[PDB]
Amino acid sequence: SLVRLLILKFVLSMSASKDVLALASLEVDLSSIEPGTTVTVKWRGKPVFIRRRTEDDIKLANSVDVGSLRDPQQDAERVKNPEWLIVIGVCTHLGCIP
Amino acid sequence: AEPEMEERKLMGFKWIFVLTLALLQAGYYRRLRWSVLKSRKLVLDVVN
Amino acid sequence: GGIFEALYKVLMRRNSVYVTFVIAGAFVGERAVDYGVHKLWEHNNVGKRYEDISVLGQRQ
Amino acid sequence: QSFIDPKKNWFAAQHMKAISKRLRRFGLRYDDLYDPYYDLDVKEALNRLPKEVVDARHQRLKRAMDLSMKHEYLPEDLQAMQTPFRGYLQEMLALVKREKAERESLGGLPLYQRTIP
Amino acid sequence: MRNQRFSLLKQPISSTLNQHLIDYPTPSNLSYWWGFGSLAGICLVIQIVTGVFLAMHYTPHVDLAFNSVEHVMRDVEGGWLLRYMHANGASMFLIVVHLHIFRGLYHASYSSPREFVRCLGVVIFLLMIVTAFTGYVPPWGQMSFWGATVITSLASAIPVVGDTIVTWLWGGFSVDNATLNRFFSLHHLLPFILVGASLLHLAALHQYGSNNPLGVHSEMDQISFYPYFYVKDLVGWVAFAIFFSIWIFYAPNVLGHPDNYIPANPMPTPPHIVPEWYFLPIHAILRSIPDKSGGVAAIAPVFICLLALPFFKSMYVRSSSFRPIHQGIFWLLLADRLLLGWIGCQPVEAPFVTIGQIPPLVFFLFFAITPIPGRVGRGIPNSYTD
Amino acid sequence: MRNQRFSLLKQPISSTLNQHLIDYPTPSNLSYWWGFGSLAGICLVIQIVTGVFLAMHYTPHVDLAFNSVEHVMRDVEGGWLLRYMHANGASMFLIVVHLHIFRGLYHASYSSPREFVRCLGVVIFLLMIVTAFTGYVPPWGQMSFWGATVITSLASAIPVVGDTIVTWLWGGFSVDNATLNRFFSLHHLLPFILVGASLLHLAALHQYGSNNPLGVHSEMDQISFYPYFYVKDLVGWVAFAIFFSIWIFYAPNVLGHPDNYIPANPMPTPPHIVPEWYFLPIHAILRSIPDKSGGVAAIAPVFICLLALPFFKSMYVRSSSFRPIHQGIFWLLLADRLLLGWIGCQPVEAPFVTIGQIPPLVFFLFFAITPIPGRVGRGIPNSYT
Amino acid sequence: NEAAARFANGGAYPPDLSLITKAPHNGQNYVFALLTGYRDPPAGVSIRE
Amino acid sequence: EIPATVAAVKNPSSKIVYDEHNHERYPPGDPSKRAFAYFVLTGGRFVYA
Amino acid sequence: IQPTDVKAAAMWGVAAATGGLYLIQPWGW
Amino acid sequence: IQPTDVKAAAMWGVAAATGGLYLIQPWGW
Amino acid sequence: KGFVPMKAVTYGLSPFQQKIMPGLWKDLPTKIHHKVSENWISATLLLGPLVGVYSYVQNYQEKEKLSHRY
Amino acid sequence: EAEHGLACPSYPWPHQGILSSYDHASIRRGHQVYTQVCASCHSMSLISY
Ligand code: HEM
Ligand code: HEM
Ligand code: HEM
Ligand code: HEM
Ligand SMILES: COC(=O)N(OC)c1ccccc1COc1ccn(-c2ccc(Cl)cc2)n1
Ligand SMILES: COC(=O)N(OC)c1ccccc1COc1ccn(-c2ccc(Cl)cc2)n1
Ligand code: FES
């Protein structure tokens with residue numbers, strides 16, 4: 001039990017602090033741009049991506065094979081608007097902003 | 001960007017020159033300690 | 001060849017004099033080479049030093 | 001098998017004379033490359049051999065470590081007198097290994113073991 | 001013992017230094033390829049002494065770290081020499097160890113009875129990689145941020161405890177001041193583990209001695225270490241200090257990236273993220289797999305097939321001087337580790353996706369076509385016999 | 001060697017651990033006073049492990065150092081345990097080593113053939129003092145500033161160079177951010193020199209073995225270290241961890257000063273500048289001389305008369321059990337090192353100027369009245385016969 | 001600050017020039033050729049306002 | 001046929017031949033180059049100081 | 001004895017004139 | 001004999017699982 | 001551990017009876033021809049696959065650059 | 001082809017060489033180009049007076 005207490009106390013102090021967890025949820029605003037361009041604004045420590053894509057982009061966009069996707073899901077559920085797309089700007093692959 | 005470039009090129013000429021003199025001393029010192037081995041004669045008995 | 005026996009004649013049959021010659025010979029040699037680098041430098045660069053500025057004293 | 005015999009194959013009769021050329025310049029035989037520190041069975045095959053056969057091996061190995069320190073080869077008089085591939089070790093080493101495969105199928109502790117480093 | 005004294009080097013206070021550094025018996029035909037091991041122990045002492053003086057002027061804080069490195073370069077007496085010796089000195093420590101490893105593959109130095117000497121050195125190569133990576137973050141430039149992001153997020157493809165690994169390594173939700181402060185504490189500690197693992201790696205070689213360029217039993221012609229292999233190691237420490245002085249005084253920024261002179265900005269990405277030259281071969285294998293969880297699982301079989309070389313047996317000839325076929329495979333592997341380093345600094349596009357998938361296959365066919373000469377080769381004395 | 005293998009502990013991979021930690025021959029009558037040496041090697045490992053985790057959250061800057069220590073105490077998971085183990089753990093490392101040293105003076109363990117074991121341990125005591133002093137500055141409170149000022153300016157009384165020594169140690173004209181940054185770099189380095197000097201100090205004892213409570217030649221009755229002196233050393237590591245846990249959980253600030261909770265201000269002076277309890281005897285000798293250059297020259301003869309104990313010879317009896325007069329001088333020196341510690345936390349006034357000048361004299365009369373029993377005592381077998 | 005610097009320049013930030021010859025590749029021939037390199041666009045390229 | 005190492009202990013000849021592939025010898029009747037060998041080893045011990 | 005005296009003195013005048021040879025530095029001579 | 005060697009030896013694999021979740025409770029996997 | 005019983009006769013000269021330096025620039029044309037007529041299949045295996053791959057990449061990149069131009 | 005830029009040529013700067021120095025009268029003139037044309041929108045912030 002003494003080896004149990006010590007090893008857990010040294011490894012749990014590396015996890016995350018009470019002041020880092022206090023900055024984990026909040027509310028911020030954006031501004032306007034024209035259809036098809038890019039501008040980002042910051043939330044906690046990372047960006048918020050951006051698209052309002054045009055009428056030529058209603059094609060080459062969503063009617064591509066659903067069985068050729070690494071994970072298959074409709075475009076209609078990731079969008080909440082018929083032409084806008086703005087979602088947290090970090091790639092799910094390796095944490096890089098593309 | 002580089003305010004040290006003149007203090008740097010003058011220190012590097014002094015010590016590359018001085019170190020190519022210690023390389024000529026150390027190749028003489030090496031070939032002097034190894035000359036009794038490199039010229040010895042040895043007879044052994046075996047043929048093939 | 002007579003300078004070679006005569007230079008060993010006087011100094012190193014001893015081991016404290018010898019340490020004088022390698023310490024004190026490290027100085028005359030370090031000043032003989034610092035002098036020649038400091039005169040090949042100001043001969044490749046004429047007209048480029050700080051004291052060769054024609055408007056040095058006068059900013060106003 | 002069928003790809004290693006040099007009197008049937010052509011690319012094994014050129015691998016054979018490449019090692020034969022390189023052994024003659026140091027005056028070594030192919031069995032002198034067998035180390036009693038690599039394989040503990042090679043240490044036993046050399047203790048069962050006559051003293052005059054092991055002594056000629058130790059003198060061929062000293063002549064060759066002397067030629068590679070000096071960066072030279074045997075002179076060409078002595079290179080025509082060399083016999084690589086004339087063996088002294090392969091038959092005694094097969095006998096020691098055959099006796100060890102019999103002591104294991106029948107139970108029985110090994111006669112010599114390797115030290116753990 | 002004896003009844004009264006004799007030479008003072010044979011006294012107990014200096015016996016471990018006498019019998020292991022002065023009177024130690026050495027094969028007499030060792031070449032200059034046996035000189036890169038003491039050269040690597042000098043490169044480790046240079047990094048410790050230079051880094052202890054660099055840490056008296058460095059501040060591990062995200063608001064103060066980039067400006068502490070420019071304060072050393074500009075306001076500290078001789079401080080530009082202290083930094084350039086340390087940044088370029090980590091490139092000299094990797095050139096010397098890479099030429100050390102390729103000696104041991106040519107002369108088959110991993111073989112019996114020297115398996116523990118090989119396996120203690122694969123652990124040393126792993127501690128060197130972690131130390132150089134974790135220390136490249138303290139300057140806190142644009143390549144010190146976007147290189148710690150690309151590597152620490154690669155542990156998020158491990159099954160389903162791996163999302164709890166990355167946020168425990170980071171100390172938060174991204175790379176930030178909790179990550180820069182703990183990368184500094186581990187960087188003072190890991191060079192001192194590297195010292196104790198190098199003295200242990202040398203006690204394993206002084207149990208059987210050294211190998212030689214002929215590969216044979218060598219106990220009939222052996223001389224002592226002093227003065228014979230001390231004065232030819234001294235020719236190597238002076239030829240090294242000339243080569244090291246053309247990187248400090250005349251080209252101190254050739255071996256780096258310009259992007260580490262921009263302070264770290266997490267909103268834009270640099271156009272191309274390339275590591276230092278000595279991480280380029282494992283960076284091209286890691287990007288060659290089109291799945292990410294299979295990319296971490298191609299780095300661990302690099303360190304598994306290295307750790308499992310000395311345990312295949314049937315090979316009585318050691319040196320590549322007498323082995324004409326395995327000698328031609330050595331020069332064909334060295335051409336592949338230099339082609340994998342070229343690929344690792346190119347864009348991920350055509351044609352570098354095919355030329356970066358075949359050399360990871362050829363690199364892993366070296367460790368499977370070694371033991372097949374351990375079978376076909378042991379029937380040579382029964383065929384070539386005269 | 002043998003022809004095939006046997007017990008695996010007698011293999012080369014574990015010979016140095018077998019013959020020095022398991023099968024090593026030990027005198028059979030060793031008491032519990034021979035237990036404080038492995039206890040001091042555990043206190044050194046606790047300080048290294050706790051400090052490596054403390055340095056992942058500390059910032060060595062004068063604007064950020066005091067607030068990094070309160071961030072550990074308040075926002076890091078279990079961080080108050082990491083600090084209290086490290087601050088109180090430096091007091092446990094000095095209690096254990098002080099009881100170690102007084103064992104070696106009672107049983108005369110410095111004597112032949114064990115002179116190199118004594119002299120390697122005086123070097124260890126010097127590396128422990130520099131490490132604890134240099135580490136008491138990183139919290140950057142009012143006693144971390146006015147203690148580094150009182151000690152580093154004491155080198156300004158060394159002849160002609162002097163004032164060039166102090167401005168090179170400081171990095172400027174006062175104690176400031178150049179001094180706090182270089183005190184942090186040396187503090188990560190000096191515990192790892194202390195490790196290599198402790199393994200060297202143990203190779204010198206395994207050349208002749210250990211002394212015993214009777215002081216005699218002991219090679220006719222000796223047992224092995226495992227299991228006999230391992231299981232009675234384990235009784236000592238559990239009695240220690242109880243005593244160490246009443247300083248972390250129930251009294252974590254008794255052994256410190258309150259003034260180190262005020263952030264450092266170089267304009268006012270605290271009313272009384274007192275060090276930690278384990279520096280109080282050498283602080284009373286240093287303030288006992290009314291000249292300052294003769295104060296630095298009374299600290300260096302403390303470490304000279306320590307390093308020159310094992311080189312007086314004529315003493316064939318070792319243990320104080322059979323020596324009734326030198327035994328009474330041992331208990332009269334221990335009463336003086338506890339009276340010099342009391343004086344070192346008092347004001348510099350009457351009557352503590354006379355009671356602080358006589359115990360520095362009595363402390364130096366212990367190392368001059370040892371060798372005179374090395375002369376009068378060797379004529380005992382020709383008189384009492 | 002950096003926010004007031006982008007506002008007076010159309011969103012774009014003009015960098016710090018104390019290390020600008022070390023921060024791009026070929027950094028001395030690049031700053032010379034950029035400042036004396038403003039030309040007229042080729043046929044087919046359009047630029048924003 | 002006598003062994004070569006046996007026929008060398010029985011014939012102490014005063015005409016000895018060494019190996020002359022790497023070093024040539026000074027012919028017998030020349031002084032020793034000990035003083036020259038000291039002065040080359042001093043000008044490098046200047047440098048290490 | 002008496003050689004080791006003077007032979008203590010010759011290199012005792014080396015330190016003196018070897019640390020009088022690394023810090024204060026009249027350098028023309 | 002030799003069966004009872006392994007018929008013992010695979011329950012220390014499991015004495016070690018009573019031990020492997022004893023302190024860490026590795027949860028997601 | 002280190003003993004091989006042996007039988008040999010060795011002769012040796014003194015260091016200060018020989019010529020130390022001149023055996024370096026002795027027959028350097030003959031020394032060069034020996035190294036390059038014996039190590040020419042180990043350099044055709046080291047530079048060969050690198051010159052041939054660099055030729056492929058420069059030809060691939062000079063035909064997708066002239067296919068994007070209008 | 002316009003994604004990384006055009007490649008700049010190589011100019012013989014007066015401080016390029018193994019024994020070449022800075023032209024100090026050209027540093028003097030370049031501080032005057034900076035302080036009148038450049039300092040209105042660029043900072044240095046590492047260089048003191
Ligand atoms: C900090 C890094 C290292 C240090 C200080 C070091 C030190 C040494 C030294 C001093 C030798 C003495 C003989 C010689 O120089 O050849 C040696 C031999 C050896 N080293 Fe290393 N080494 C290091 C890294 C490595 C690595 C990375 C490997 C292999 C993966 C390795 C494998 C070997 C082998 C196999 C030998 C013996 C070869 C022979 O004797 O023929 N070492 N090492
Ligand atoms: C006790 C040992 C060491 C200490 C205290 C230390 C300290 C430091 C410090 C303070 C820095 C930041 C200053 C700077 O950026 O130049 C740094 C950077 C660095 N360190 Fe170390 N170091 C140590 C050993 C090593 C070793 C052994 C290696 C490599 C094997 C290494 C590799 C690096 C590298 C690559 C950098 C990056 C420097 C740059 O690219 O600008 N360090 N080190
Ligand atoms: C590698 C070894 C060590 C490291 C990295 C280390 C690190 C640190 C750090 C970061 C601090 C400042 C945080 C704080 O104030 O609590 C500190 C303080 C301190 N250290 Fe260490 N330490 C080490 C070993 C030691 C040792 C061996 C000793 C004593 C012999 C020691 C004595 C102290 C003391 C007395 C303090 C003052 C703490 C206080 O009073 O608040 N340290 N150390
Ligand atoms: C980091 C601090 C120290 C460590 C780890 C250490 C370690 C040890 C150990 C493990 C022993 C053997 C066990 C024992 O006899 O209790 C020992 C014995 C000894 N130590 Fe220490 N020690 C340290 C400090 C000191 C100091 C400060 C001194 C003296 C000024 C010293 C002098 C001695 C002596 C004289 C022995 C004699 C053994 C005997 O009397 O039988 N040590 N040390
Ligand atoms: C000196 O460091 C760099 O060059 N770094 O790091 C900031 C860099 C910079 C830019 C891009 C990539 C890197 C890192 O490249 C690699 C490639 C493989 N590893 C690696 C690292 C640790 C371990 Cl355990 C295993 C593999 N790292
Ligand atoms: C834990 O540190 C303290 O208690 N410190 O230091 C901030 C302190 C605090 C207030 C007052 C005095 C001190 C120091 O007291 C002493 C007394 C003697 N030494 C000493 C130090 C180093 C050397 Cl080499 C030799 C002698 N130090
Ligand atoms: S998001 Fe695509 S790689 Fe990081």
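First listed ligand is number 1; within each ligand, the first listed atom is number 1. Lettering of chains follows the sequences in order, A, B, ..., and the numbering in each one begins at 1.
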Filtering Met85(F), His187(F), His188(F) for the heavy atom nearest atom 43 (N) of ligand 3 leaves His187(F)

Closest non-hydrogen protein atom to atom 18 (C) of ligand 2, residue and atom name please, with distance? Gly135(E) O, 3.5 Å

Would you say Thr131(E) has any N or O atom under 3.5 Å from an N or O of ligand 2, going by distance alone? no

Donor-acceptor contact present, side-chain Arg182(E) to main-chain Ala178(E), <3.5 Å: yes

Closest protein heavy atom to atom 2 (Fe) of ligand 7, given as residue, atom name and distance to 0.1 Å: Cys91(A) SG, 2.7 Å

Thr134(E) side-chain N/O to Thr131(E) backbone N/O, donor-acceptor pair under 3.5 Å: no

Under 4.0 Å to a heavy atom of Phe192(F) - the qualifying atoms of ligand 3, by number: 1 (C)

Ion pair present between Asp291(E) and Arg70(A), side-chain N to carboxylate O less than 4.0 angstrom? yes

Taking the side chain as everything from C-beta on, heavy atoms only, tell me whether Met56(F) gets closer than 4.5 Å to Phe184(E). no

Got the closest protein heavy atom to atom 3 (S) of ligand 7, with its distance? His93(A) ND1, 2.9 Å

Could you tell me whether atom 24 (C) of ligand 3 has at least one protein heavy atom nearer than 4.0 Å? yes

Taking only heavy atoms of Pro191(F), which atoms of ligand 3 are found under 4.0 Å from at least one of them? 2 (C), 24 (C), 27 (C)

Is any side-chain heavy atom of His257(E) less than 4.5 Å from a side-chain heavy atom of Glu276(E)? yes

Looking only at protein heavy atoms, what sits closest to atom 22 (N) of ligand 3 is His86(F) NE2, 3.3 Å

If we only count heavy atoms from C-beta on, is the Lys9(A) to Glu77(F) side-chain gap below 4.5 Å? no

Ignoring hydrogens and angles, state whether a donor on the side chain of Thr152(E) or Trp170(E) is under 3.5 Å from an acceptor on the partner side chain. yes

Counting only heavy atoms, tell me which of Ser68(E), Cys43(E), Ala87(E), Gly51(E) gets closest to atom 4 (C) of ligand 2. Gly51(E)

Please report which non-hydrogen protein atom sits nearest to atom 4 (Fe) of ligand 7, along with the residue it belongs to and the distance in Å to one decimal place. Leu94(A) N, 2.9 Å

Protein heavy atom under 4.0 angstrom of atom 30 (C) of ligand 2, is there one? yes

Out of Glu276(F), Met73(F), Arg83(F), whose heavy atom is nearest to atom 39 (C) of ligand 3? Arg83(F)

For a 4.5 angstrom cut-off between non-hydrogen side-chain atoms, does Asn67(F) reach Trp140(F)? no

Any sub-3.5 Å donor-acceptor pair from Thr269(E)'s side-chain atoms to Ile97(A)'s backbone N or O? yes

Between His201(E) (side chain) and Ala197(E) (backbone), is there a donor-acceptor pair under 3.5 Å? no

Backbone or side chain, does any N or O of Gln47(E) fall under 3.5 Å from an N or O of ligand 2? no

Is there any N or O on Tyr136(F) that sits under 3.5 Å from an N or O of ligand 3? no

Which of the atoms of ligand 7 are close to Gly95(A), meaning less than 4.0 Å from one of its heavy atoms? 4 (Fe)

What's the shortest distance from atom 16 (O) of ligand 3 to any protein heavy atom, and which residue and atom give it? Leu54(F) CD1, 3.6 Å

Do any non-hydrogen protein atoms sit less than 4.0 Å from atom 11 (C) of ligand 3? no

Please answer whether the main-chain N or O of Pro138(E) pairs with a side-chain N or O of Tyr58(E) as donor and acceptor at a distance below 3.5 Å. yes

Between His188(E) and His188(F) (side chain of the first, backbone of the second, donor and acceptor by atom type, cut-off under 3.5 Å), is there such a pair? no

For atom 15 (O) of ligand 2, the closest protein heavy atom turns out to be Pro139(E) CD, 3.7 Å

